[PDB]
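Reading through the structure tokens given below for one structure.
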There are 4 protein chains.
Amino acid sequence: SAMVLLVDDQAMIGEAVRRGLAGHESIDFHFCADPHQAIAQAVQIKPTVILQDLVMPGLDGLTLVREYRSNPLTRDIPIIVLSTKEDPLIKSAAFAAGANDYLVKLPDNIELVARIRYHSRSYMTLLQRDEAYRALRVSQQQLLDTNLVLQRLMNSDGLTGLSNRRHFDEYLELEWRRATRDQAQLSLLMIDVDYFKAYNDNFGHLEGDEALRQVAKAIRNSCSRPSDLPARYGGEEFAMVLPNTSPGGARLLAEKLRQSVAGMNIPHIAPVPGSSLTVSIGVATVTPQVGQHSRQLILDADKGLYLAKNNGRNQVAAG
Amino acid sequence: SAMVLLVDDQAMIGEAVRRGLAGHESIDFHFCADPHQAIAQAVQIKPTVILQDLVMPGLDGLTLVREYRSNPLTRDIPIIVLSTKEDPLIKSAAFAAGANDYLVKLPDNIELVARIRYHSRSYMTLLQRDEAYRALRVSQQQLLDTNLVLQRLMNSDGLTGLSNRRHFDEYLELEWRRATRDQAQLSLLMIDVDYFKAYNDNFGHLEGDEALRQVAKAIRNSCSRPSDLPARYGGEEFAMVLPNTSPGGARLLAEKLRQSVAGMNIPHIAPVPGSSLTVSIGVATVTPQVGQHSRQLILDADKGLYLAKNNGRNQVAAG
Amino acid sequence: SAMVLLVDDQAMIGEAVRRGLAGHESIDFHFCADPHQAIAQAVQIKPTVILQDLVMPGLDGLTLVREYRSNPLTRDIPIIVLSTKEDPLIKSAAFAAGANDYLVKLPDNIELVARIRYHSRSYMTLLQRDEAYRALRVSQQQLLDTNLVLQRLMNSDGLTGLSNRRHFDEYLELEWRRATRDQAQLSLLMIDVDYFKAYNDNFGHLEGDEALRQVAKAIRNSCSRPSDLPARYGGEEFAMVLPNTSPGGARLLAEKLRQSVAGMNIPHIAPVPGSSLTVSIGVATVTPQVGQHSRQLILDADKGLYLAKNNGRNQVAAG
Amino acid sequence: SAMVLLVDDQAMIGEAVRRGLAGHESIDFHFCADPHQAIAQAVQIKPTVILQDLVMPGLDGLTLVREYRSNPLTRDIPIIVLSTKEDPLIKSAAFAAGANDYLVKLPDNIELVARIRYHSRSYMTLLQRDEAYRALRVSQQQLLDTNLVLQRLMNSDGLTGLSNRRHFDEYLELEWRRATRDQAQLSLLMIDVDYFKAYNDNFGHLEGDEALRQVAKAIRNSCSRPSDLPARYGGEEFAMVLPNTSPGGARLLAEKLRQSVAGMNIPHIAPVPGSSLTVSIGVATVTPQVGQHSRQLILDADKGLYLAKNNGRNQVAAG
Ligand SMILES: Nc1nc2c(ncn2[C@@H]2O[C@@H]3COP(=O)(O)O[C@H]4[C@@H](O)[C@H](n5cnc6c(=O)[nH]c(N)nc65)O[C@@H]4COP(=O)(O)O[C@H]3[C@H]2O)c(=O)[nH]1
Ligand SMILES: Nc1nc2c(ncn2[C@@H]2O[C@@H]3COP(=O)(O)O[C@H]4[C@@H](O)[C@H](n5cnc6c(=O)[nH]c(N)nc65)O[C@@H]4COP(=O)(O)O[C@H]3[C@H]2O)c(=O)[nH]1
Ligand SMILES: Nc1nc2c(ncn2[C@@H]2O[C@@H]3COP(=O)(O)O[C@H]4[C@@H](O)[C@H](n5cnc6c(=O)[nH]c(N)nc65)O[C@@H]4COP(=O)(O)O[C@H]3[C@H]2O)c(=O)[nH]1
Ligand SMILES: Nc1nc2c(ncn2[C@@H]2O[C@@H]3COP(=O)(O)O[C@H]4[C@@H](O)[C@H](n5cnc6c(=O)[nH]c(N)nc65)O[C@@H]4COP(=O)(O)O[C@H]3[C@H]2O)c(=O)[nH]1
Ligand SMILES: Nc1nc2c(ncn2[C@@H]2O[C@@H]3COP(=O)(O)O[C@H]4[C@@H](O)[C@H](n5cnc6c(=O)[nH]c(N)nc65)O[C@@H]4COP(=O)(O)O[C@H]3[C@H]2O)c(=O)[nH]1
Ligand SMILES: Nc1nc2c(ncn2[C@@H]2O[C@@H]3COP(=O)(O)O[C@H]4[C@@H](O)[C@H](n5cnc6c(=O)[nH]c(N)nc65)O[C@@H]4COP(=O)(O)O[C@H]3[C@H]2O)c(=O)[nH]1
Ligand SMILES: Nc1nc2c(ncn2[C@@H]2O[C@@H]3COP(=O)(O)O[C@H]4[C@@H](O)[C@H](n5cnc6c(=O)[nH]c(N)nc65)O[C@@H]4COP(=O)(O)O[C@H]3[C@H]2O)c(=O)[nH]1
Ligand SMILES: Nc1nc2c(ncn2[C@@H]2O[C@@H]3COP(=O)(O)O[C@H]4[C@@H](O)[C@H](n5cnc6c(=O)[nH]c(N)nc65)O[C@@H]4COP(=O)(O)O[C@H]3[C@H]2O)c(=O)[nH]1
Ligand SMILES: [Sr+2]
Ligand SMILES: [Sr+2]
Ligand SMILES: [Sr+2]
Ligand SMILES: [Sr+2]
């Protein structure tokens with residue numbers, strides 16, 4: 001829309017303007033003959049452009065152009081100064097004081113509406129851009145948190161915080177392809193807590209969760225290369241994909257981890273009283289060929305996991 | 001920033017401007033003496049305000065003010081017309097042709113920069129508001145679909161599409177409170193497919209899912225009041241909360257539904273060969289009192305469900 | 001699979017069994033002639049059924065049946081006692097000690113495998129049910145938290161915690177239908193912070209968010225009936241759907257809220273220095289008719305909101 | 001719980017059992033003297049173990065042991081055969097017919113309850129494991145689809161399907177670290193549609209979305225190595241991270257893509273009538289050093305993007 005605040009001592013100007021603007025529904029008029037209600041009414045009606053007379057009843061017009069740019073409730077409103085006539089410093093001061101125009105009362109009702117229409121409309125879109133900035137900041141900060149949640153949750157196992165299975169499955173599939181392009185050594189650790197049902201059954205399911213937690217922490221601490229990925233494979237089972245790692249490297253890493261767990265010395269009553277939580281690990285490493293399916297790597301790890309288990313638990317074996 | 005395209009036949013004007021603007025890094029200048037590259041260069045440099053001479057080498061200046069407002073690649077760029085001197089229709093035409101100003105070459109380098117600074121800056125924020133409109137439309141349509149997904153998924157059971165359990169639990173809790181304020185009759189249907197393990201075992205788990213589907217559809221068709229809510233309570237179990245429904249009303253609704261299922265005549269081999277899928281229903285209705293826990297309503301439905309089951313299945317009984 | 005631990009002093013029994021079971025790949029055998037490694041090997045091989053001789057080299061067979069049911073690492077393994085011959089208390093003791101069978105060495109290799117096959121297979125599915133219990137508990141507690149997130153997030157505005165817009169839109173649509181069935185009075189509050197751009201601009205966007213927060217809290221405190229719903233309508237705009245509330249009731253509620261906000265006395269510099277954060281509210285209440293679109297209620301609230309605004313802000317007006 | 005179906009011709013046996021089981025609330029009894037309602041009642045009461053007499057009123061007991069294992073509604077129920085006395089093939093047949101025990105009517109009420117308690121309880125947990133299998137299959141297939149949604153949605157831009165910004169930001173951060181370990185050449189393409197506001201404004205926002213779509217498709221087709229990642233950087237901006245790619249390689253890839261877009265020959269009216277949609281691209285490639293921040297790579301791409309733009313659009317330039 002449009003709203004012009006006129007401010008001028010003489011009713012004869014307030015009238016000319018009122019008349020020029022009657023045949024324009026798009027734009028409304030508001031006369032303010034009392035320069036000591038000027039900024040007040042400016043705040044109240046929310047004008048989109050104000051017209052300011054430079055000489056009034058013993059109150060400097062430029063003093064008011066001062067306040068307009070001074071009070072930030074008006075700071076941004078376009079100001080056309082109405083003068084009689086064309087004096088020097090008073091046109092230069094107009095602008096020094098913040099005026100955006102300096103007009104002689106009055107051009108015809110064409111340039112008058114044009115000029116009004118222009119400044120008004122600019123202010124309007126100034127309001128709009130600011131409004132948009134707000135709304136965008138909101139939406140952007142809604143997607144802000146939306147992104148945290150689905151991430152901490154899509155790809156993370158809540159209990160341990162390690163990656164989850166579907167992240168593992170999908171991550172490992174990616175790494176398989178990367179590996180085959182680079183003819184790189186892709187290694188995989190398959191990790192299981194020994195005698196876990198037995199732990200779960202006399203300590204409690206929560207106590208087992210807490211146990212899983214501590215083991216999950218040790219896993220997270222074994223690997224520390226950008227592409228090392230630790231995951232909860234499924235329940236008591238953990239995995240750990242190690243791109244670019246040799247069989248001997250993987251095994252070394254596996255043994256430091258196994259020792260770590262045992263070393264926490266977590267009380268278990270299996271296989272015998274006095275026992276502490278142990279962990280069996282299957283190691284497996286492959287350089288993928290085209291056409292080869294990543295499941296081969298998993299199977300190899302499970303062979304290793306199965307071997308380690310069938311040779312006394314708490315040990316590492318390559319499948 | 002700021003970019004002024006000057007377009008004027010005389011190098012002496014291109015020079016004055018160039019000079020006025022040298023001591024201003026914020027604003028860059030670009031002279032275009034050839035009015036037959038005017039719009040071309042306008043497109044190329046992306047000016048934020050153009051200054052147009054009205055008389056040039058035998059090419060109407062207002063013809064170019066025409067094109068500027070004509071080509072939408074420039075449509076929105078503020079135009080200050082530079083004239084010599086102040087002729088009549090040529091100021092009125094300035095604006096009729098789209099000009100936003102009409103200046104006499106040249107005011108001092110204060111009003112010249114002021115005026116330039118103003119129009120430039122308005123255009124700038126015109127660009128910004130439009131940019132924001134785009135970005136907001138994107139974000140808003142990201143939350144658009146984001147909302148569909150989590151909704152079709154937070155509150156809906158995928159297989160049947162009925163509400164899910166947590167929606168049921170939470171919805172029923174709400175309705176319990178509404179009911180106790182209104183001392184209204186809150187009814188609940190607890191629905192189970194008879195001999196479902198037996199169905200699942202010789203037809204297949206998928207075939208059972210499809211069976212669940214058809215039953216889920218019938219449930220959805222029994223209730224049709226704004227607050228009626230059908231849910232998959234858990235597996236072979238369905239629920240259906242009926243606010244504002246009498247015991248006799250609930251029972252009537254229960255019997256139409258039970259008949260419906262039986263009537264689909266879905267082949268089952270239990271309890272005997274030749275049988276068709278049946279359904280047992282527990283009815284229960286309560287007017288909640290303060291302090292009373294909604295679990296009472298559920299228990300009552302299960303009594304009914306249990307009774308119906310222990311009296312030959314395929315029937316409705318109030319607990 | 002199947003794994004039988006035999007424990008018997010005489011190699012001649014260990015042999016008969018070994019022989020009976022050779023032609024059965026499904027089932028593996030393990031002889032334990034030394035009753036002082038019995039439970040040890042039981043732990044190591046994870047048998048699915050153990051056969052226990054009642055008399056051995058000076059170590060009571062029933063003492064071992066004691067330990068089997070004693071150590072929980074074996075607690076659940078089925079025990080067939082092998083005796084010679086059929087003595088009294090020794091069959092009754094067999095069971096008193098935990099035995100699940102009492103056989104005479106030896107039935108033919110049909111009943112022997114049958115019996116073994118049965119107990120073994122039961123234990124097997126005992127293991128399976130327990131495994132399933134674990135895995136189900138996991139999945140269920142994954143959907144546990146999955147449900148919190150999408151809920152606290154699908155339907156809640158993060159900043160204020162009030163409902164969000166899409167929840168409002170959808171909730172109000174539901175309540176419209178409920179209302180038209182009950183020919184009930186549905187009221188709606190449309191709430192806006194007065195001079196918010198002005199607040200946002202000199203205090204900071206965060207400070208405005210914090211301002212929004214405090215106002216959001218007051219809203220949440222105005223309504224307290226099961227179906228009252230407070231929402232962030234969009235930015236500086238809040239809504240509040242009040243089912244079953246009279247026009248006069250809605251207005252009363254509106255005025256207590258408006259006073260509350262003003263009373264927090266939150267420093268604003270608009271409309272004038274020394275001002276405190278105020279709020280304009282639009283009230284509107286409808287009894288919905290069939291065919292009537294809920295948008296009518298919203299429009300009525302906005303009329304009220306618009307009126308209140310155009311009469312000095314910080315007030316309530318019915319549209 | 002426990003439910004024994006006895007089936008025997010003589011009431012005197014039905015009585016002994018009834019009596020043995022009265023002092024046991026955990027277990028209920030059900031006598032079936034009419035062998036021609038046997039399976040019928042088996043279906044009706046859902047027994048957890050049935051006791052079967054081998055000789056009855058002119059109806060073979062083993063015929064009924066046949067049906068029990070025959071009808072799958074009973075298939076899994078444990079069967080203790082009650083005989084008088086101990087005949088040969090009739091114990092071997094007992095098992096051949098499916099019996100799980102063969103008892104002489106009757107042992108004392110200790111072994112009788114023991115034996116009953118055992119088979120009953122096994123069946124019970126057979127039911128439980130199956131129940132669990134169902135419930136787990138449900139939960140697992142809820143996480144099934146839950147995973148699709150948040151994935152197709154967390155990491156994918158809906159409109160183009162390319163990765164989104166947060167995936168880009170996070171993916172590129174990962175690749176930066178991988179790159180610095182391998183001292184590998186990490187390249188990045190920054191892609192922008194030339195004159196897009198101009199396209200959006202006279203064709204329509206949807207038409208621009210469709211335009212974005214077609215361009216997004218071409219991008220997706222340029223890169224095809226496991227680690228190449230195409231993303232919508234923000235609105236009209238696209239990105240494309242190319243691990244392990246030389247500056248010259250990146251540029252080659254950039255030029256094939258740019259040509260592709262231009263070649264679709266999508267009608268635009270800018271910069272001039274008759275124009276087709278073009279695209280500007282910034283190329284940049286870095287071998288990351290420790291301590292170096294990935295933002296360097298982005299800046300370099302933007303320099304290139306900026307250069308390309310400030311040299312006529314529709315071209316590739318390295319920043
Ligand atoms: N013209 C061309 N096409 C490219 C280029 N980069 C990837 N592609 C396209 O994408 C397909 C395979 O991408 P891959 O995942 O890298 O995975 C590759 C990779 O592991 C291996 N491979 C093929 N040739 C080479 C090579 O020259 N160097 C390396 N390091 N690996 C290669 O074989 C697998 C698939 O072979 P493809 O069937 O050839 O099929 C290629 C091809 O159609 C390229 O620089 N030029
Ligand atoms: N995927 C993965 N594998 C791991 C990790 N830590 C050790 N390894 C495996 O075990 C081998 C070396 O372990 P090293 O005793 O730490 O002894 C290391 C160390 O002293 C040095 N080195 C290698 N990279 C780094 C590094 O990024 N930081 C530091 N401080 N030293 C490194 O070189 C020696 C052996 O190099 P490698 O041949 O690379 O071979 C590695 C690798 O295959 C890990 O966090 N993730
Ligand atoms: N001063 C005031 N407070 C209000 C009003 N509406 C709800 N509240 C507040 O919210 C609490 C209970 O809301 P309820 O869920 O409607 O659920 C209500 C409802 O089911 C019932 N109830 C209390 N009085 C009335 C009543 O006069 N009419 C009806 N239809 N129900 C009532 O008792 C339950 C809780 O009683 P309360 O402990 O009293 O506690 C009330 C009270 O502190 C109100 O118009 N005026
Ligand atoms: N929660 C729920 N309950 C249902 C539904 N359909 C039937 N009932 C239950 O069964 C009673 C009447 O069923 P009626 O035979 O359809 O016969 C109806 C019908 O002819 C008329 N009536 C009630 N409301 C409607 C309506 O919304 N549409 C139409 N066409 N008739 C209605 O009044 C008669 C009985 O009114 P009631 O006392 O309300 O009592 C209802 C109610 O307790 C349903 O979709 N949801
Ligand atoms: N035979 C039968 N059908 C039922 C019953 N309850 C709801 N329906 C079905 O669902 C449609 C409208 O449900 P509405 O949302 O309750 O919303 C209702 C409600 O606001 C009003 N309405 C219709 N009759 C009654 C009535 O007898 N009592 C009340 N309190 N409202 C009614 O008109 C709206 C829609 O009218 P409908 O076109 O008739 O169409 C009904 C009808 O086809 C019922 O008890 N019996
Ligand atoms: N949607 C909604 N509306 C609200 C709420 N609080 C007040 N109202 C509105 O304002 C009217 C009464 O406010 P009252 O002064 O609290 O004074 C209340 C109060 O003393 C009593 N009353 C009504 N329900 C409750 C209640 O649930 N708890 C308590 N303690 N008193 C109640 O009855 C008098 C007036 O009853 P009303 O006619 O119901 O009419 C209500 C209602 O239309 C609210 O939390 N939510
Ligand atoms: N003892 C031991 N620790 C390991 C090993 N692998 C990674 N880490 C640990 O994780 C930190 C950095 O992992 P980065 O992301 O691979 O990223 C690495 C990588 O880009 C580079 N870097 C360090 N040494 C080597 C190296 O011997 N070979 C290669 N290819 N890169 C290295 O410097 C960056 C960080 O250096 P750091 O501060 O040393 O710190 C190392 C170290 O504390 C290992 O095999 N042995
Ligand atoms: N990140 C990324 N970069 C790409 C892709 N396609 C081409 N390039 C870039 O451009 C160079 C070669 O493009 P070439 O003409 O396809 O010609 C290729 C091609 O004939 C052969 N080659 C390389 N890998 C493959 C492949 O995976 N499949 C096939 N069929 N040929 C390949 O070797 C020649 C040049 O090898 P380069 O040195 O690797 O260097 C590549 C690389 O830096 C791509 O899909 N992703
Ligand atoms: Sr005057
Ligand atoms: Sr001239
Ligand atoms: Sr012996
Ligand atoms: Sr008999």
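By convention in this document, the chains of the structure tokens carry letters A, B, ... by their order, each chain's residues are numbered from 1, and ligands are numbered from 1 in the order they are shown.
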
* Counting only C-alpha atoms and all ligand atoms, name the residues that have an atom within 12 Å of an atom of ligand 10; the answer should be given as a VMD selection string. => chain B and resid 7 to 14 33 to 35 52 to 61 81 to 85 104 to 105

Using the selection just defined, write its residues with C-alpha atoms as a PDB file, in the first residue's frame.
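Just written: selection_6.pdb:
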ATOM      1  CA  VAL B   7      25.370   7.137 -20.728  1.00  0.00           C
ATOM      2  CA  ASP B   8      26.076  10.472 -22.369  1.00  0.00           C
ATOM      3  CA  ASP B   9      27.373  11.641 -25.746  1.00  0.00           C
ATOM      4  CA  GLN B  10      29.941  14.120 -24.375  1.00  0.00           C
ATOM      5  CA  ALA B  11      33.122  12.749 -22.790  1.00  0.00           C
ATOM      6  CA  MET B  12      33.137  15.895 -20.662  1.00  0.00           C
ATOM      7  CA  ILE B  13      30.217  14.529 -18.642  1.00  0.00           C
ATOM      8  CA  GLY B  14      31.620  11.010 -18.478  1.00  0.00           C
ATOM      9  CA  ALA B  33      29.283   7.142 -24.693  1.00  0.00           C
ATOM     10  CA  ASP B  34      27.832   4.869 -27.381  1.00  0.00           C
ATOM     11  CA  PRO B  35      24.041   4.808 -26.852  1.00  0.00           C
ATOM     12  CA  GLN B  52      20.785   8.882 -18.794  1.00  0.00           C
ATOM     13  CA  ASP B  53      21.385  11.959 -20.934  1.00  0.00           C
ATOM     14  CA  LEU B  54      18.204  13.010 -22.762  1.00  0.00           C
ATOM     15  CA  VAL B  55      19.857  14.274 -25.944  1.00  0.00           C
ATOM     16  CA  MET B  56      22.685  12.344 -27.610  1.00  0.00           C
ATOM     17  CA  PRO B  57      24.115  11.698 -31.073  1.00  0.00           C
ATOM     18  CA  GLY B  58      20.872  11.384 -33.035  1.00  0.00           C
ATOM     19  CA  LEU B  59      19.302   8.754 -30.769  1.00  0.00           C
ATOM     20  CA  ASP B  60      16.484   9.780 -28.457  1.00  0.00           C
ATOM     21  CA  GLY B  61      17.473   9.530 -24.809  1.00  0.00           C
ATOM     22  CA  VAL B  81      17.878  11.316 -16.240  1.00  0.00           C
ATOM     23  CA  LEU B  82      20.557  13.935 -16.886  1.00  0.00           C
ATOM     24  CA  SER B  83      19.269  16.898 -18.803  1.00  0.00           C
ATOM     25  CA  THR B  84      20.319  20.270 -20.082  1.00  0.00           C
ATOM     26  CA  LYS B  85      18.334  22.116 -19.058  1.00  0.00           C
ATOM     27  CA  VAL B 104      20.711  19.136 -14.432  1.00  0.00           C
ATOM     28  CA  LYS B 105      24.292  18.232 -15.287  1.00  0.00           C
TER      29      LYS B 105
END

* Give the residue list for ligand 8 at 12 Å, counting only C-alpha atoms and all ligand atoms, as a ChimeraX atom specification, sorted by chain and then by residue number. => /A:177-178,180-182,290 /D:184-189,219-230,240-257,285

* What are the residues of chain B that have an atom within 7 Å of an atom of chain A, counting only C-alpha atoms, as a PyMOL selection string? -> chain B and resi 122+125-126+128-129+132-133+136+139-140

* Enumerate the residues of range 231-260 of chain C with a DSSP assignment of strand (DSSP E or B), computed from the backbone, and present them as a ChimeraX atom specification. => /C:231-234,237-242

For the residues selected in the previous step, produce a file with N, CA and C atoms as a PDB file, in the first residue's frame.
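Below is the file that was written, again28.pdb:
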ATOM      1  N   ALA C 231       0.090 -22.233  20.123  1.00  0.00           N
ATOM      2  CA  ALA C 231       0.990 -22.494  19.014  1.00  0.00           C
ATOM      3  C   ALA C 231       1.738 -21.250  18.573  1.00  0.00           C
ATOM      4  N   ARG C 232       2.926 -21.452  18.020  1.00  0.00           N
ATOM      5  CA  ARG C 232       3.610 -20.365  17.346  1.00  0.00           C
ATOM      6  C   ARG C 232       3.108 -20.340  15.909  1.00  0.00           C
ATOM      7  N   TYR C 233       2.260 -19.363  15.609  1.00  0.00           N
ATOM      8  CA  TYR C 233       1.593 -19.296  14.314  1.00  0.00           C
ATOM      9  C   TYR C 233       2.555 -18.997  13.169  1.00  0.00           C
ATOM     10  N   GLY C 234       3.602 -18.231  13.466  1.00  0.00           N
ATOM     11  CA  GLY C 234       4.604 -17.885  12.475  1.00  0.00           C
ATOM     12  C   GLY C 234       5.428 -16.659  12.826  1.00  0.00           C
ATOM     13  N   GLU C 237       4.117 -14.167  15.557  1.00  0.00           N
ATOM     14  CA  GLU C 237       2.715 -14.514  15.719  1.00  0.00           C
ATOM     15  C   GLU C 237       2.489 -15.825  16.497  1.00  0.00           C
ATOM     16  N   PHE C 238       1.594 -15.752  17.477  1.00  0.00           N
ATOM     17  CA  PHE C 238       1.175 -16.905  18.262  1.00  0.00           C
ATOM     18  C   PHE C 238      -0.315 -17.135  18.074  1.00  0.00           C
ATOM     19  N   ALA C 239      -0.745 -18.381  18.234  1.00  0.00           N
ATOM     20  CA  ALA C 239      -2.161 -18.711  18.188  1.00  0.00           C
ATOM     21  C   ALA C 239      -2.517 -19.520  19.416  1.00  0.00           C
ATOM     22  N   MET C 240      -3.803 -19.727  19.632  1.00  0.00           N
ATOM     23  CA  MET C 240      -4.252 -20.486  20.784  1.00  0.00           C
ATOM     24  C   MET C 240      -5.686 -20.931  20.552  1.00  0.00           C
ATOM     25  N   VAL C 241      -5.855 -22.192  20.173  1.00  0.00           N
ATOM     26  CA  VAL C 241      -7.193 -22.717  19.931  1.00  0.00           C
ATOM     27  C   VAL C 241      -7.874 -23.158  21.235  1.00  0.00           C
ATOM     28  N   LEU C 242      -9.087 -22.666  21.457  1.00  0.00           N
ATOM     29  CA  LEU C 242      -9.815 -22.964  22.675  1.00  0.00           C
ATOM     30  C   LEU C 242     -11.162 -23.607  22.370  1.00  0.00           C
TER      31      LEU C 242
END

* **Distance in Å - CA of residue 76 in chain D versus CA of residue 209 in chain B** =>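 Interatomic distance, CA of residue 76 in chain D to CA of residue 209 in chain B: 23.0 Å.
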
* Within 6 Å of residue 47 in chain B, counting only C-alpha atoms, which residues show up once you throw out same-chain ones fewer than 2 positions away? Write them as JSON, numbers by chain, please. => {"B": [3, 4, 5, 45, 49]}

* Atomic distance atom 44 (C, counted along the ligand's line) of ligand 6 - CA of residue 155 in chain C, expressed in Å with one decimal ->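 The value is 21.3 Å.
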
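Between atom 20 (O, counted along the ligand's line) of ligand 4 and CA of residue 216 in chain B the separation is 24.6 Å.
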
* **Residues within 10 Å of residue 36 in chain A, only C-alpha atoms, excluding chain neighbours under 4 positions, as a ChimeraX atom specification** => /A:32,40-41,59,64

Now that the selection is made, can you save its residues with C-alpha atoms as a tab-separated table (two decimals), in the first residue's frame?
chain	number	residue	atom	x	y	z
A	32	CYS	CA	0.14	16.92	10.37
A	40	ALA	CA	4.37	10.87	17.35
A	41	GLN	CA	1.99	10.47	14.42
A	59	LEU	CA	10.22	25.08	14.78
A	64	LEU	CA	12.53	17.37	12.44

* **Contact residues around residue 307 in chain C with only C-alpha atoms at 12 Å, ignoring same-chain residues under 3 positions, as a ChimeraX atom specification** => /C:190,280-284,300-304,310-319

* To do: Give me every alpha helix (DSSP H) residue in range 82-319 of chain B, going by DSSP on the backbone, as a PyMOL selection string.
  => chain B and resi 89-96+111-154+165-182+196-203+205-222+247-264+295-309
